[PDB]
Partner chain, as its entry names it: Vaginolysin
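In the block that follows, a single chain appears as structure tokens, in the form deposited without its partner chain.
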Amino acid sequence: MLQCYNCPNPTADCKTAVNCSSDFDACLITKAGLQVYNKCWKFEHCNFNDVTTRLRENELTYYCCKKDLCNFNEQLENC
């Protein structure tokens, strides 16, 4: 099992850490304008088309990682 930040809704500063279902093999962080998402995710869905369609977001950037709690907001907050 992988631990990821997983907030049910987009929010600033997602601190909600969870032990993801074993089927989730990656952690996702995505910024879609004002909406920032942090989820338990899958690599098969770590592509622009799958992230946009599934979060129903027209434009965004995303990042997937495989270490516990890796999907925090460092990349956004350091900029």
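Note that the rigid core is defined as the largest set of C-alphas that superpose within 1.5 Å between two forms. Positions refer to the first chain, counted from 1. Only residues modelled in both forms are compared.
Beyond the structure shown, there is the form deposited with its partner chain bound, which is absent from this document and is the topic of what follows.
In the entry with it bound, at least one heavy atom of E59 sits within 4.5 Å of its partner chain. Taking non-hydrogen atoms only, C65 approaches its partner chain to within 4.5 angstroms in the entry with it bound.
Using a 4.5 angstroms threshold between heavy atoms, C20 stays clear of its partner chain in the entry with it bound. Residue contact with its partner chain in the entry with it bound: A32 places no heavy atom within 4.5 Å of it.
Comparing the shared residues between the shown form and the other one on a common core, the single stretch of 3 or more consecutive C-alphas each displaced by at least 2 Å is 75-78.
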